[PDB]
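Residue numbers (UniProt numbering), protein chains in the order written: chain A, 5 to 88; chain B, 4 to 89; chain C, 4 to 89; chain D, 4 to 89; chain E, 3 to 87; chain F, 6 to 79.
Cβ coordinates follow ideal geometry from the N, Cα and C atoms, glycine included.
Working notes for the structure below.
Structure representation (structure tokens):
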């Protein structure tokens, strides 16, 4: 499963990442920068862990900065895997 | 041969469009491109009907996650365009 | 000989310009350049008449899908067309 | 060991925060990260009380030079967070 | 020679029209383009001071007709420390 | 350390050149952070830095926008 939390600002993103790893059995892949101050944090793991991680990351981050998106894909297509 | 693009503001929305597109239709995901200002384009190739179906599915899934800026299909792209694709 | 440029906000509009340019005239696609903030410049080259044709089609195609920031044609020595490019 | 962050718009504002942080308490400067759009994050590491003290001092100092966007402390961060630090 | 000339535009199209006008107008070397965000691009040339002044005025005037010129400047003999950026 | 931060690169290069020309400083940083912001950084004795940054800022204002001018002793 794939979990993403997207924030305005890097400080909110670091807090999401920490909360995600604190809250569930997930691997933190990293983050991506896309401009306009937006930062996407990415984690992988089984679907229940990714759901628990993204819900915890999004809730933590909101108190540090603005949360722009939160999403989980339980079983990404292989073509997606290839570009992640 | 057709080319389909969904451009979102936000990378979470683009990834959700990419996955919806490949899931929805017989299309190959070519890749994504970032150009700044939060803008991310995801590109698919396939027969024309498959790419219209993919891009409409991608755009609809993206809108539930984030913002869609642009959706377009070029049904018969010139061979030179392949040079600039991800 | 000339360079022709169409600069858009958005990559979808830039790819639609690119394909429309090479569809409309005997020009070669050089590629495209990103400067951040969603701004992309698609560059073609060829004979001056063909580049003028191409950039008129490309800007129109891009304005149908998105925003065009600039469209311009620069005549160049036929022995060193690309020397000024980034 | 605790991590402290001050995010500013503008680099001068950030370097001022860094100087203020390291002077104010027993903290190690981890580094700066840039995310574009003029935003820079300065990070320090130390014991939690030292980190709260530094970050306070850094933000106050930065506000006199530029704009402060975020100030935060994580008291007991996981090792994994390193993957994403400068 | 060693004078430095700079023309800064909003937009890459105006920068490349500046470079064409610059190299056409005088004996100068195009060093490159620098992107710094907010859509700003700087075009940098080197040459003797007379070539660089001519090149820079020609670039600024040519860019002004395609887009917006943000800065235009010539440094006849830059310090050695500056050569390092 | 002395810093001059500008909106525009041309103004930045002019500050750097004016600073090093005006005082006993060495150019030790040149950073881009986006949104057009460029910082040039010098090192020397406090007084040479205070006069460098003064001179850089003044020279850069004739060329473009200056956003910050700052001196950190130590």
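CB contact flag (residue 5(E), residue 55(E), <9 Å): yes
In chain C, which residues lie less than 8 Å from residue 58(B) when you measure between Cβ atoms? Residues of chain C passing the Cβ test: none, with the nearest at roughly 10 Å.
Taking the continuous alpha helix (DSSP H) assigned at residue 30(F), which residues delimit it? That residue, residue 30(F), is in no alpha helix (DSSP H); it is neither H nor E in DSSP.
Name, in chain order, the residues that DSSP records as bridge partners for residue 77(A). 6(A)
For residue 37(D), which beta-bridge partners are listed by DSSP? 43(D)
In chain order, what residues of the same chain lie with their CB nearer than 6 Å to the CB of residue 20(C), ignoring the 5 residues before and after it? 9, 45, 61, 64, 65
Roughly how many angstroms lie between the CA atoms of residue 87(A) and residue 58(A), to the nearest whole one? 21 Å
Return the first residue and the last residue of the alpha helix (DSSP H) that residue 85(A) is part of. 82 to 87
Which of helix, strand or coil does DSSP assign to residue 68(D)? For residue 68(D), the secondary structure class from DSSP, reduced to helix, strand or coil, is coil.
When you compare the CB of residue 45(A) with every CB in chain D, is at least one pair closer than 9 Å? yes
Local Cβ density within 10 Å of residue 34(C), reported as buried at 16 or more and exposed below that: exposed
For residue 74(C), collect the residues of the same chain with a Cβ closer than 6 Å to its Cβ; drop the 5 residues on either side in sequence, then sort them by chain order. 9, 58, 62
Nearest chain F C-beta to residue 86(E) closer than 9 Å, yes or no? yes
Beta-carbon separation of residue 42(A) and residue 11(A) under 9 Å? yes
With burial defined as no fewer than 16 other Cβ atoms inside 10 Å of the residue's Cβ, what is the status of residue 82(D): buried or exposed? Under a 10 Å Cβ-count criterion, residue 82(D) is classified as exposed, with fewer than 16 other Cβ atoms of the shown protein chains found around its own Cβ.
For a cutoff of 9 Å on Cβ pairs, would you count residue 6(F) as touching chain D? yes
Comparing C-alpha positions only, which one of 30(A), 78(A), 80(A), 67(A) sits nearest to residue 13(A)? 67(A)
Buried or exposed (CB count within 10 angstroms, at least 16 for buried), residue 50(A): exposed
To which residues of the same chain is residue 76(F) closer than 8 Å at the C-beta, ignoring the five residues directly before and after it? 6, 7, 8, 51, 54, 55, 58
Where does residue 13(D) sit, in a helix, a strand or coil, going by DSSP? Residue 13(D): coil per DSSP, three-state reduction.
Could you tell me the distance, in whole angstroms, from the CA atom of residue 18(C) to the CA atom of residue 69(C)? 11 Å
Can you name, in chain order, every residue of its own chain whose Cβ lies under 6 Å from the Cβ of residue 28(E), other than the five neighbours on each side? Contacts found: 53, 56, 57.
Can you find a CB in chain C that lies within less than 9 Å of the CB of residue 49(E)? It does not; no Cβ of chain C falls within 9 Å.
Per-residue contacts from residue 42(E) into chain F (C-beta, under 9 Å): 12, 13, 14, 41
Residues sharing a beta bridge with residue 49(E), DSSP: Bridge partners of residue 49(E) according to DSSP: 5(E).
Does any residue of chain E have a CB that is nearer than 9 Å to the CB of residue 75(C)? Yes, residue 75(C) lies at the interface with chain E (some Cβ there is under 9 Å from its Cβ).
Count the other CB atoms, across all protein chains shown, that sit within 10 Å of the CB of residue 78(B); report buried if there are 16 or more and exposed otherwise. exposed
Considering only residues of the same chain and omitting the five flanking positions on each side of residue 16(C), which have a CB-CB separation below 6 Å? 65, 68, 69
Buried versus exposed, by CB contacts within 10 Å (16 or more), residue 85(D): exposed
Should residue 80(D) go down as buried or exposed, given a rule of 16 or more other Cβ atoms within 10 Å for buried? buried
Residue 26(F) Cβ short of 8 Å to the ligand FAD heavy atom set: Summarising the ligand content, the structure contains no ligands, and the ligand FAD is consequently not present.
Output the distance between the C-alpha atoms of residue 25(C) and residue 25(E), rounded to the nearest integer angstrom. 28 Å
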